Amino acid sequence: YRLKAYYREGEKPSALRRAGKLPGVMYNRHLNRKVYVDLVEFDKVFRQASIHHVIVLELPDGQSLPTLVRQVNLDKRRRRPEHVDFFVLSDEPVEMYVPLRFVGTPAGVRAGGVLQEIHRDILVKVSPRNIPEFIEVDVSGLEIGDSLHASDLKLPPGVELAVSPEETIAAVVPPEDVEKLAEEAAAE
Amino acid sequence: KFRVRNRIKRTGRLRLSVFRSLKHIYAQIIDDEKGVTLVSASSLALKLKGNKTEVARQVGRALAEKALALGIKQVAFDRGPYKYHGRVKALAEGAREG
Amino acid sequence: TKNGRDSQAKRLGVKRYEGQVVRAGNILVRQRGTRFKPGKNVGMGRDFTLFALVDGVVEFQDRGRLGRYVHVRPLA
Amino acid sequence: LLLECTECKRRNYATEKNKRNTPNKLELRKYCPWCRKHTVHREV
Amino acid sequence: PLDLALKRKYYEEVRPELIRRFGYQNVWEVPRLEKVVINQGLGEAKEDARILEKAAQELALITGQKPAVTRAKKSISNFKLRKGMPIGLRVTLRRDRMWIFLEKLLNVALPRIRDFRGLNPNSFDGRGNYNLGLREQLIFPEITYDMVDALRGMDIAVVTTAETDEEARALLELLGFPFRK
Amino acid sequence: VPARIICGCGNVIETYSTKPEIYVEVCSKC
Amino acid sequence: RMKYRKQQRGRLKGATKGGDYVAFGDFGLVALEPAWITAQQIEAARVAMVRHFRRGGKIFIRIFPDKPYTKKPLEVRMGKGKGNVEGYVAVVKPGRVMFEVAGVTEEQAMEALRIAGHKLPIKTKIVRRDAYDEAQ
RNA sequence: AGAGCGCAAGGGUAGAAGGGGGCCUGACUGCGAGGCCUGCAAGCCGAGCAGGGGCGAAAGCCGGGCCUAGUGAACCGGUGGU
RNA sequence: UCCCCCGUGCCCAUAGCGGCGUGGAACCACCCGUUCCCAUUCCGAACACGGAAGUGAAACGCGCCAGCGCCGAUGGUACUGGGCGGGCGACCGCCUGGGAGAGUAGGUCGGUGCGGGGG
Ligand SMILES: [Mg+2]
Ligand SMILES: [Mg+2]
Ligand SMILES: [Mg+2]
Ligand SMILES: [Mg+2]
Ligand SMILES: [Mg+2]
Ligand SMILES: [Mg+2]
Ligand SMILES: [Mg+2]
Ligand SMILES: [Mg+2]
Ligand SMILES: [Mg+2]
Ligand SMILES: [Mg+2]
Ligand SMILES: [Mg+2]
Ligand SMILES: [Mg+2]
Ligand SMILES: [Mg+2]
Ligand SMILES: [Mg+2]
Ligand SMILES: [Mg+2]
Ligand SMILES: [Mg+2]
Ligand SMILES: [Mg+2]
Ligand SMILES: [Mg+2]
Ligand SMILES: [Mg+2]
Ligand SMILES: [Mg+2]
Ligand SMILES: [Mg+2]
Ligand SMILES: [Mg+2]
Ligand SMILES: [Mg+2]
Ligand SMILES: [Mg+2]
Ligand SMILES: [Mg+2]
Ligand SMILES: [Mg+2]
Ligand SMILES: [Mg+2]
Ligand SMILES: [Mg+2]
Ligand SMILES: [Mg+2]
Ligand SMILES: [Mg+2]
Ligand SMILES: [Mg+2]
Ligand SMILES: [Mg+2]
Ligand SMILES: [Mg+2]
């Protein structure tokens with residue numbers, strides 16, 4: 001998506017936030033510059049945006065930049081964004097957490113059971129052309145007691161998984177109820 | 001190993017670093033506390049024959065003659081990784097001979 | 001209870017700091033082990049006490065791997 | 001244990017501590033007296 | 001005495017049999033025996049230091065080399081042991097006397113064993129060395145019958161420039177080891 | 001010394017070891 | 001459990017580390033005020049949760065009582081407290097995410113979690129997931 | 001380096017303070033520049049000088065033990081000495 | 001001056017771990033042997049002496065990759081000398097000077113002395 005950036009120098013980082021402008025920074029192997037999106041806006045942008053889809057950022061320099069949110073420091077004490085990391089992409093391969101859409105209802109969840117979903121997304125090395133709006137997960141043969149790892153992913157063309165090749169992706173854990181309110185009572 | 005070297009350096013001045021190869025036997029006189037060597041009476045890769053012990057003793061008188069013409073006199077001896085006994089031995093041993 | 005027991009304070013630490021004149025023998029640092037190390041004109045004794053070996057100014061060396069040393073840079 | 005060393009053919013003691021049943025019935029370590037210097041020391 | 005069958009066996013027989021089998025490029029890369037260690041787990045002679053001398057002097061005529069011992073570091077409370085004191089014989093043999101021990105092994109020691117079957121092939125330590133157990137050491141030549149006071153056991157070890165068990169497997173078969181296929 | 005192994009079955013290997021009189025049996029020859 | 005006996009009280013400084021982001025299940029329950037939460041309080045909510053939504057999803061409890069809690073027995077002053085009557089608590093700064101559910105409807109969780117905060121001795125807000133993470 | 005370093009804990013530590021050896025008794029006498037610490041009394045560290053020694057080829061190291069506990073003013077009295 | 005080797009200090013992992021490659025003229029290693037000096041709680045493995053031939057396989061030397069390790073900003077925050085404010089309280093907030101850790105960007109298969117042999 002696209003969001004209107006601005007340049008920042010001396011301005012009091014704190015005095016800014018009162019205005020509404022969530023300060024931030026764009027940087028990449030060659031670039032590093034002070035900035036500040038607008039909060040009400042960044043919200044909407046980043047609400048859907050997050051850190052999967054790229055965001056091209058417009059300065060009054062007209063320059064459209066090929067960046068995505070590297071990390072955002074939230075302020076503890078009632079969630080809110082403090083300031084924003086913006087990784088300027090170029091074209092060389094770049095690592096990034098691409099989503100995961102878990103599709104289909106497993107054997108587990110049917111006979112009562114639970115969608116445990118360790119990674120609602122995953123980190124993969126990839127070039128900017130490949131912004132794989134997501135990855136598929138054949139979650140359906142899964143059972144309460146069973147778990148699909150990383151080495152089991154529907155990897156789109158040209159994409160290489162950066163994470164360890166053995167991390168678990170999701171799993172199916174039992175539900176939880178009253179065969180565990182009596183037993184959990186006296187026994188312990 | 002090289003524990004020794006630490007022990008020597010502590011004393012103060014004028015290490016005689018006796019290195020010795022299977023065919024050779026070099027020898028620096030290093031003044032630490034600046035990282036410079038003063039004399040460098042090598043041996044096999046210098047000039048002298050091939051008999052080892054008699055060679056060492058001869059290279060002993062090497063540093064010897066080379067030294068006094070400068071000022072040295074502290075026998076301070078790096079009995080390096082090799083235990084003082086033979087080639088190394090004769091070495092300093094000749095350096096004492098004069 | 002069975003507590004409230006303890007051993008009197010041992011008042012240890014760097015006794016002279018970097019860039020102080022010192023006479024010979026001046027205790028330079030009192031220490032739990034070799035938290036510091038001797039070095040130039042600086043001896044050490046049974047307890048690990050470090051002390052000047054000649055009057056002069058003190059300085060502190062960090063040497064990573066090798067540990068920290070203390071010396072007197074003499075002059076007169 | 002209280003052990004007080006003694007000089008041979010003379011008179012001079014020393015600070016010591018022998019051990020009880022531990023392997024140690026007689027001790028013969030050297031030292032250094034005032035009159036003259038260095039002479040063998042028996043227990044007693 | 002620098003000469004024997006196994007002295008040359010390795011050479012005018014095994015040396016090139018290996019160059020064919022695996023094909024090196026340098027004279028040294030070729031797998032060589034160079035270290036035979038012989039060990040004993042004598043927790044038994046914990047008491048009798050006498051029986052310590054027998055396994056030692058016996059070891060002398062079988063290994064054709066002076067024997068050595070080694071007491072433990074953190075000894076088993078439970079099985080009558082505590083600190084530096086116990087006993088475990090050990091005698092590394094090298095050079096030629098190593099060979100003169102080996103010749104007795106695969107041409108005398110092995111052939112007369114209580115139902116010997118073949119050197120267990122799994123006994124290769126993933127890398128290039130071998131370790132195998134024996135019960136009766138009286139299968140050795142010099143050992144007479146009316147002399148042994150007890151069946152003392154032990155286990156030998158042979159270090160090889162071998163870098164893999166395959167390479168070692170071949171190098172022991174070629175010198176002459178009765179493998180259980 | 002030269003240790004002869006007159007192993008009982010038909011063979012006599014002149015190896016090296018202790019005592020040239022090495023009486024044996026059922027070696028490699030059988 | 002382990003470690004050693006009884007432990008200082010300490011203060012509850014700024015909400016600092018005390019807080020973060022949902023990190024498992026769909027919805028979360030977060031602390032506004034600072035507090036020692038008792039095991040008997042956690043566990044009180046834990047049950048109130050399931051017992052509400054039977055054969056339910058998965059409740060993750062992300063606060064945990066490693067602080068042993070002392071208390072002298074109706075006498076006067078001699079030594080540290082016998083302690084432990086309330087046993088143990090969890091130090092919980094404003095913003096910490098205590099419980100979150102998974103495998104449930106928005107109104108299942110908007111209830112479960114609601115009930116729980118009641119069982120707790122503190123003021124709490126409920127949470128979604130928005131997007132807020134760390135990646136690229 | 002998570003072992004070991006007699007024993008608690010700690011700080012230190014294999015570029016040994018840890019394991020093993022060969023020779024040995026400096027678990028010396030006479031002293032003590034200068035400091036740490038400290039109300040006092042006490043405690044602590046200590047180069048170096050001399051005497052006569054020990055190990056080392058030697059530079060050198062040794063005035064007990066990796067260190068920090070293992071203790072008791074003064075009186076009165078015991079034993080041996082000049 | 002320049003290039004390679006050898007001995008040796010300084011920086012203290014951006015030197016390292018692991019992987020591919022390469023150098024034997026010299027230099028060094030492995031190497032031949034155990035009579036002499038000397039040596040192992042057993043072994044010439046190690047120390048030691050005398051030294052054909054062989055070798056660069058191991059070792060080491062030089063390079064090249066970033067998987068581990070290590071180094072690592074900036075921006076922002078936490079905290080907080082000093083100064084204050086609200087509220088009824090556990091606590092919360094501003095002014096002013098200081099400012100992390102972690103995390104991102106990123107870097108990194110070293111830098112350099114003195115002496116010696118060799119073109
Ligand atoms: Mg199953
Ligand atoms: Mg990586
Ligand atoms: Mg220098
Ligand atoms: Mg008190
Ligand atoms: Mg001293
Ligand atoms: Mg000491
Ligand atoms: Mg001392
Ligand atoms: Mg090659
Ligand atoms: Mg409440
Ligand atoms: Mg000793
Ligand atoms: Mg004084
Ligand atoms: Mg004083
Ligand atoms: Mg002194
Ligand atoms: Mg003297
Ligand atoms: Mg004298
Ligand atoms: Mg000393
Ligand atoms: Mg000691
Ligand atoms: Mg009185
Ligand atoms: Mg009295
Ligand atoms: Mg009395
Ligand atoms: Mg190579
Ligand atoms: Mg080549
Ligand atoms: Mg060649
Ligand atoms: Mg001989
Ligand atoms: Mg190579
Ligand atoms: Mg380079
Ligand atoms: Mg690191
Ligand atoms: Mg790091
Ligand atoms: Mg930082
Ligand atoms: Mg940092
Ligand atoms: Mg250099
Ligand atoms: Mg260098
Ligand atoms: Mg040329």
# chains A, B, ... in the order shown; residues from 1 in each chain; ligands from 1
$ select_by_dssp --residues "chain D" --states "strand (DSSP E or B)" --output "ChimeraX atom specification"
/D:6-7,41-42
$ residues_around --residues "stretch 4-12 of chain H" --least-positions-apart "3" --cutoff "9 Å" --atoms "only C-alpha atoms (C1' of nucleotides)" --output "PyMOL selection string"
(chain C and resi 31-35) or (chain H and resi 17-18+66-68)
$ residues_near_ligand --ligand "ligand 6" --cutoff "7 Å" --atoms "only C-alpha atoms (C1' of nucleotides) and all ligand atoms" --output "list in words"
residues 46 and 47 of chain C; 65 and 66 of chain H
$ write_last_selection --atoms "N, CA and C atoms (P, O5', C5', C4', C3', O3' and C1' of nucleotides)" --output "PDB file, in the first residue's frame"
ATOM      1  N   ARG C  46      50.601 -12.162  49.176  1.00  0.00           N
ATOM      2  CA  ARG C  46      49.785 -13.312  49.560  1.00  0.00           C
ATOM      3  C   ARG C  46      48.286 -13.183  49.245  1.00  0.00           C
ATOM      4  N   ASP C  47      47.686 -12.055  49.606  1.00  0.00           N
ATOM      5  CA  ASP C  47      46.237 -11.893  49.501  1.00  0.00           C
ATOM      6  C   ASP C  47      45.791 -11.476  48.112  1.00  0.00           C
TER       7      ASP C  47
ATOM      8  P     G H  65      51.818 -19.369  51.888  1.00  0.00           P
ATOM      9  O5'   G H  65      51.709 -20.879  51.434  1.00  0.00           O
ATOM     10  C5'   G H  65      51.246 -21.194  50.134  1.00  0.00           C
ATOM     11  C4'   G H  65      50.568 -22.533  50.095  1.00  0.00           C
ATOM     12  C3'   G H  65      49.064 -22.490  49.808  1.00  0.00           C
ATOM     13  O3'   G H  65      48.687 -23.643  49.057  1.00  0.00           O
ATOM     14  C1'   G H  65      49.449 -23.553  51.859  1.00  0.00           C
ATOM     15  P     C H  66      48.606 -23.584  47.452  1.00  0.00           P
ATOM     16  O5'   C H  66      47.887 -22.187  47.175  1.00  0.00           O
ATOM     17  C5'   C H  66      46.652 -22.119  46.469  1.00  0.00           C
ATOM     18  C4'   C H  66      46.299 -20.688  46.139  1.00  0.00           C
ATOM     19  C3'   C H  66      45.717 -19.860  47.273  1.00  0.00           C
ATOM     20  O3'   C H  66      46.699 -19.376  48.174  1.00  0.00           O
ATOM     21  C1'   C H  66      44.471 -19.514  45.307  1.00  0.00           C
TER      22        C H  66
END
$ residues_around --residues "residue B:68" --least-positions-apart "4" --cutoff "12 Å" --atoms "only C-alpha atoms (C1' of nucleotides)" --output "PDB file with N, CA and C atoms, in the first residue's frame"
ATOM      1  N   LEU B  38      67.584  -6.966  18.812  1.00  0.00           N
ATOM      2  CA  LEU B  38      68.860  -6.248  18.828  1.00  0.00           C
ATOM      3  C   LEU B  38      69.937  -6.893  17.957  1.00  0.00           C
ATOM      4  N   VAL B  39      70.053  -8.207  18.083  1.00  0.00           N
ATOM      5  CA  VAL B  39      70.993  -8.975  17.291  1.00  0.00           C
ATOM      6  C   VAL B  39      70.216 -10.166  16.752  1.00  0.00           C
ATOM      7  N   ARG B  61      78.630 -18.078  20.008  1.00  0.00           N
ATOM      8  CA  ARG B  61      79.649 -17.054  19.825  1.00  0.00           C
ATOM      9  C   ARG B  61      79.218 -16.075  18.730  1.00  0.00           C
ATOM     10  N   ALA B  62      78.206 -16.472  17.967  1.00  0.00           N
ATOM     11  CA  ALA B  62      77.583 -15.564  17.017  1.00  0.00           C
ATOM     12  C   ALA B  62      77.066 -14.315  17.733  1.00  0.00           C
ATOM     13  N   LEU B  63      76.007 -14.486  18.530  1.00  0.00           N
ATOM     14  CA  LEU B  63      75.379 -13.366  19.218  1.00  0.00           C
ATOM     15  C   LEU B  63      76.413 -12.663  20.070  1.00  0.00           C
ATOM     16  N   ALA B  64      77.274 -13.468  20.693  1.00  0.00           N
ATOM     17  CA  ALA B  64      78.311 -12.983  21.598  1.00  0.00           C
ATOM     18  C   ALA B  64      79.092 -11.841  20.979  1.00  0.00           C
ATOM     19  N   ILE B  72      75.151  -5.182  25.126  1.00  0.00           N
ATOM     20  CA  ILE B  72      74.478  -6.262  25.852  1.00  0.00           C
ATOM     21  C   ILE B  72      75.343  -6.936  26.920  1.00  0.00           C
ATOM     22  N   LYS B  73      74.695  -7.567  27.897  1.00  0.00           N
ATOM     23  CA  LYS B  73      75.394  -8.446  28.839  1.00  0.00           C
ATOM     24  C   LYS B  73      74.475  -9.344  29.689  1.00  0.00           C
ATOM     25  N   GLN B  74      73.189  -8.998  29.780  1.00  0.00           N
ATOM     26  CA  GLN B  74      72.244  -9.823  30.540  1.00  0.00           C
ATOM     27  C   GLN B  74      71.908 -11.127  29.812  1.00  0.00           C
ATOM     28  N   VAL B  75      72.486 -12.216  30.322  1.00  0.00           N
ATOM     29  CA  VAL B  75      72.355 -13.570  29.774  1.00  0.00           C
ATOM     30  C   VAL B  75      70.888 -14.005  29.527  1.00  0.00           C
ATOM     31  N   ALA B  95      77.315 -18.676  23.959  1.00  0.00           N
ATOM     32  CA  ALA B  95      77.082 -17.257  24.210  1.00  0.00           C
ATOM     33  C   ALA B  95      77.718 -16.845  25.526  1.00  0.00           C
ATOM     34  N   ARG B  96      77.964 -17.846  26.369  1.00  0.00           N
ATOM     35  CA  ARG B  96      78.670 -17.653  27.628  1.00  0.00           C
ATOM     36  C   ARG B  96      80.179 -17.764  27.424  1.00  0.00           C
ATOM     37  N   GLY B  98      82.038 -16.603  25.639  1.00  0.00           N
ATOM     38  CA  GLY B  98      82.614 -15.309  25.347  1.00  0.00           C
ATOM     39  C   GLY B  98      81.504 -14.415  24.845  1.00  0.00           C
TER      40      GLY B  98
END
$ residues_near_ligand --ligand "ligand 30" --cutoff "10 Å" --atoms "only C-alpha atoms (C1' of nucleotides) and all ligand atoms" --output "ChimeraX atom specification"
/I:72-73,100-103
$ write_last_selection --atoms "C-alpha atoms (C1' of nucleotides)" --output "PDB file, in the first residue's frame"
ATOM      1  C1'   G I  72      26.811  -3.808  15.429  1.00  0.00           C
ATOM      2  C1'   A I  73      24.446   1.374  14.261  1.00  0.00           C
ATOM      3  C1'   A I 100      20.540   2.547  27.664  1.00  0.00           C
ATOM      4  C1'   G I 101      19.682  -2.944  27.074  1.00  0.00           C
ATOM      5  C1'   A I 102      17.260  -5.663  23.602  1.00  0.00           C
ATOM      6  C1'   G I 103      15.772  -5.537  18.260  1.00  0.00           C
TER       7        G I 103
END
$ closest_atom_pairs --of "chain C" --to "ligand 5" --cutoff "12 Å" --atoms "only C-alpha atoms and all ligand atoms" --output "Markdown table"
| residue | atom | partner | partner_atom_place_in_ligand_line | distance |
| --- | --- | --- | --- | --- |
| C:43 | CA | ligand 5 | 1 (Mg) | 8.6 |
| C:44 | CA | ligand 5 | 1 (Mg) | 7.4 |
| C:45 | CA | ligand 5 | 1 (Mg) | 5.4 |
| C:46 | CA | ligand 5 | 1 (Mg) | 6.8 |
| C:47 | CA | ligand 5 | 1 (Mg) | 10.3 |
| C:48 | CA | ligand 5 | 1 (Mg) | 10.4 |
| C:49 | CA | ligand 5 | 1 (Mg) | 10.7 |
| C:50 | CA | ligand 5 | 1 (Mg) | 11.3 |
| C:51 | CA | ligand 5 | 1 (Mg) | 11.7 |
$ write_last_selection --atoms "N, CA, C and O atoms" --output "JSON list (two decimals), in the first residue's frame"
[["chain", "number", "residue", "atom", "x", "y", "z"],
["C", 43, "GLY", "N", 54.11, -5.00, 42.26],
["C", 43, "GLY", "CA", 54.15, -6.35, 42.78],
["C", 43, "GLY", "C", 52.84, -6.80, 43.37],
["C", 43, "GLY", "O", 51.89, -6.03, 43.47],
["C", 44, "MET", "N", 52.78, -8.05, 43.78],
["C", 44, "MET", "CA", 51.58, -8.51, 44.44],
["C", 44, "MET", "C", 51.91, -9.58, 45.47],
["C", 44, "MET", "O", 52.91, -10.29, 45.34],
["C", 45, "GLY", "N", 51.07, -9.69, 46.50],
["C", 45, "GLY", "CA", 51.40, -10.45, 47.69],
["C", 45, "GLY", "C", 50.31, -11.40, 48.13],
["C", 45, "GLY", "O", 49.23, -11.42, 47.54],
["C", 46, "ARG", "N", 50.60, -12.16, 49.18],
["C", 46, "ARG", "CA", 49.78, -13.31, 49.56],
["C", 46, "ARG", "C", 48.29, -13.18, 49.24],
["C", 46, "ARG", "O", 47.68, -14.10, 48.68],
["C", 47, "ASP", "N", 47.69, -12.06, 49.61],
["C", 47, "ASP", "CA", 46.24, -11.89, 49.50],
["C", 47, "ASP", "C", 45.79, -11.48, 48.11],
["C", 47, "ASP", "O", 44.60, -11.46, 47.82],
["C", 48, "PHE", "N", 46.76, -11.14, 47.27],
["C", 48, "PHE", "CA", 46.50, -10.52, 45.98],
["C", 48, "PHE", "C", 46.59, -9.00, 46.04],
["C", 48, "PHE", "O", 46.13, -8.32, 45.13],
["C", 49, "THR", "N", 47.17, -8.47, 47.10],
["C", 49, "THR", "CA", 47.34, -7.03, 47.20],
["C", 49, "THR", "C", 48.36, -6.57, 46.15],
["C", 49, "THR", "O", 49.41, -7.16, 46.01],
["C", 50, "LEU", "N", 48.02, -5.53, 45.40],
["C", 50, "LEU", "CA", 48.94, -4.98, 44.41],
["C", 50, "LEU", "C", 49.53, -3.72, 44.98],
["C", 50, "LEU", "O", 48.83, -2.93, 45.62],
["C", 51, "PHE", "N", 50.81, -3.49, 44.72],
["C", 51, "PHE", "CA", 51.45, -2.35, 45.34],
["C", 51, "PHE", "C", 52.65, -1.83, 44.57],
["C", 51, "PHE", "O", 53.45, -2.58, 44.05]]
$ residues_around --residues "stretch 2-10 of chain D" --least-positions-apart "6" --cutoff "6 Å" --atoms "only C-alpha atoms (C1' of nucleotides)" --output "NGL selection string"
:D and (16-18 or 41 or 43)
$ write_last_selection --atoms "N, CA and C atoms" --output "PDB file, in the first residue's frame"
ATOM      1  N   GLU D  16      56.434 -24.647  65.958  1.00  0.00           N
ATOM      2  CA  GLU D  16      56.038 -25.869  65.256  1.00  0.00           C
ATOM      3  C   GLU D  16      54.647 -26.374  65.624  1.00  0.00           C
ATOM      4  N   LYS D  17      54.230 -27.431  64.931  1.00  0.00           N
ATOM      5  CA  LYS D  17      53.011 -28.169  65.252  1.00  0.00           C
ATOM      6  C   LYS D  17      53.033 -29.566  64.637  1.00  0.00           C
ATOM      7  N   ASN D  18      53.355 -30.563  65.455  1.00  0.00           N
ATOM      8  CA  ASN D  18      53.289 -31.954  65.030  1.00  0.00           C
ATOM      9  C   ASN D  18      51.829 -32.385  64.935  1.00  0.00           C
ATOM     10  N   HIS D  41      68.157 -30.590  62.900  1.00  0.00           N
ATOM     11  CA  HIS D  41      67.222 -30.458  64.016  1.00  0.00           C
ATOM     12  C   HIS D  41      66.404 -31.728  64.269  1.00  0.00           C
ATOM     13  N   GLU D  43      63.583 -33.839  66.925  1.00  0.00           N
ATOM     14  CA  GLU D  43      62.381 -33.487  67.676  1.00  0.00           C
ATOM     15  C   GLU D  43      62.702 -33.237  69.153  1.00  0.00           C
TER      16      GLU D  43
END
$ closest_atom_pairs --of "chain G" --to "chain A" --cutoff "9 Å" --atoms "only C-alpha atoms" --output "Markdown table"
| residue | atom | partner | partner_atom | distance |
| --- | --- | --- | --- | --- |
| G:15 | CA | A:77 | CA | 6.3 |
| G:16 | CA | A:76 | CA | 6.5 |
| G:17 | CA | A:76 | CA | 7.6 |
| G:18 | CA | A:76 | CA | 7.5 |
| G:19 | CA | A:76 | CA | 5.7 |
| G:20 | CA | A:76 | CA | 6.4 |
| G:21 | CA | A:79 | CA | 8.1 |
| G:24 | CA | A:118 | CA | 7.6 |
| G:25 | CA | A:116 | CA | 8.3 |
| G:30 | CA | A:78 | CA | 8.7 |
| G:31 | CA | A:77 | CA | 8.7 |
| G:32 | CA | A:77 | CA | 7.3 |
| G:47 | CA | A:181 | CA | 7.4 |
| G:50 | CA | A:177 | CA | 5.8 |
| G:51 | CA | A:177 | CA | 7.1 |
| G:53 | CA | A:177 | CA | 8.1 |
| G:54 | CA | A:177 | CA | 5.5 |
| G:55 | CA | A:177 | CA | 4.6 |
| G:56 | CA | A:176 | CA | 5.3 |
| G:57 | CA | A:175 | CA | 5.1 |
| G:58 | CA | A:175 | CA | 6.2 |
| G:59 | CA | A:176 | CA | 8.3 |
| G:93 | CA | A:77 | CA | 8.7 |
| G:94 | CA | A:77 | CA | 5.8 |
| G:95 | CA | A:77 | CA | 4.7 |
| G:96 | CA | A:77 | CA | 8.3 |
| G:102 | CA | A:116 | CA | 8.0 |
| G:103 | CA | A:114 | CA | 6.1 |
| G:125 | CA | A:78 | CA | 8.8 |
| G:130 | CA | A:47 | CA | 6.2 |
| G:131 | CA | A:50 | CA | 5.8 |
| G:132 | CA | A:50 | CA | 7.3 |
| G:133 | CA | A:72 | CA | 7.4 |
| G:134 | CA | A:71 | CA | 4.8 |
| G:135 | CA | A:70 | CA | 5.5 |
| G:136 | CA | A:70 | CA | 3.8 |
$ residues_near_ligand --ligand "ligand 1" --cutoff "8 Å" --atoms "only C-alpha atoms (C1' of nucleotides) and all ligand atoms" --output "PyMOL selection string"
chain A and resi 143-146
$ residues_around --residues "stretch 82-89 of chain G" --least-positions-apart "5" --cutoff "10 Å" --atoms "only C-alpha atoms (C1' of nucleotides)" --output "short mmCIF file (atom, residue, chain, number, x, y, z; two decimals) with N, CA and C atoms, in the first residue's frame"
data_model
loop_
_atom_site.label_atom_id
_atom_site.label_comp_id
_atom_site.auth_asym_id
_atom_site.auth_seq_id
_atom_site.Cartn_x
_atom_site.Cartn_y
_atom_site.Cartn_z
N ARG G 5 13.13 -20.59 49.62
CA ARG G 5 12.26 -20.26 50.74
C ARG G 5 11.35 -19.09 50.54
N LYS G 6 11.87 -17.92 50.92
CA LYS G 6 11.10 -16.70 50.94
C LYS G 6 11.92 -15.61 50.32
N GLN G 7 11.24 -14.54 49.92
CA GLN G 7 11.86 -13.52 49.10
C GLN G 7 11.32 -12.16 49.44
N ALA G 35 -0.03 -5.16 40.41
CA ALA G 35 -0.61 -6.02 41.40
C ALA G 35 0.19 -7.28 41.62
N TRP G 36 0.03 -7.84 42.83
CA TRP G 36 0.39 -9.23 43.09
C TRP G 36 -0.85 -10.06 42.81
N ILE G 37 -0.80 -10.91 41.80
CA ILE G 37 -1.94 -11.78 41.61
C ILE G 37 -1.62 -13.14 42.19
N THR G 38 -2.57 -13.64 42.97
CA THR G 38 -2.41 -14.89 43.67
C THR G 38 -2.74 -16.04 42.76
N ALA G 39 -2.02 -17.14 42.96
CA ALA G 39 -2.37 -18.40 42.34
C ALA G 39 -3.86 -18.67 42.52
N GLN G 40 -4.36 -18.57 43.75
CA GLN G 40 -5.79 -18.77 43.97
C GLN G 40 -6.64 -17.79 43.13
N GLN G 41 -5.98 -16.84 42.50
CA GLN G 41 -6.69 -15.86 41.71
C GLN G 41 -6.62 -16.26 40.24
N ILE G 42 -5.41 -16.47 39.76
CA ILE G 42 -5.22 -17.10 38.47
C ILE G 42 -6.22 -18.25 38.40
N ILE G 63 0.93 -15.38 32.89
CA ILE G 63 1.46 -14.88 34.17
C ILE G 63 1.65 -16.07 35.10
N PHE G 64 2.71 -16.04 35.88
CA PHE G 64 3.00 -17.18 36.73
C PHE G 64 3.70 -16.84 38.02
N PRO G 65 3.09 -17.27 39.14
CA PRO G 65 3.40 -17.01 40.56
C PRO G 65 4.70 -17.63 41.11
N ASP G 66 5.83 -16.97 40.89
CA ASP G 66 7.08 -17.46 41.45
C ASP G 66 7.44 -16.72 42.73
N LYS G 67 6.64 -15.71 43.09
CA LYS G 67 6.88 -14.95 44.33
C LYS G 67 6.16 -15.58 45.52
N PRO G 68 6.93 -16.11 46.47
CA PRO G 68 6.38 -16.66 47.69
C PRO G 68 5.98 -15.52 48.61
N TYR G 69 4.81 -15.68 49.20
CA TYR G 69 4.16 -14.61 49.91
C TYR G 69 3.96 -14.90 51.43
N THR G 70 4.77 -14.26 52.28
CA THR G 70 4.79 -14.45 53.75
C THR G 70 3.60 -13.89 54.56
N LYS G 71 3.46 -14.33 55.81
CA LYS G 71 2.41 -13.80 56.69
C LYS G 71 2.44 -14.33 58.14
N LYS G 72 2.92 -13.51 59.06
CA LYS G 72 2.98 -13.85 60.47
C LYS G 72 1.62 -14.20 61.07
N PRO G 73 1.61 -15.15 62.01
CA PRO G 73 0.40 -15.86 62.42
C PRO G 73 -0.48 -15.29 63.56
#
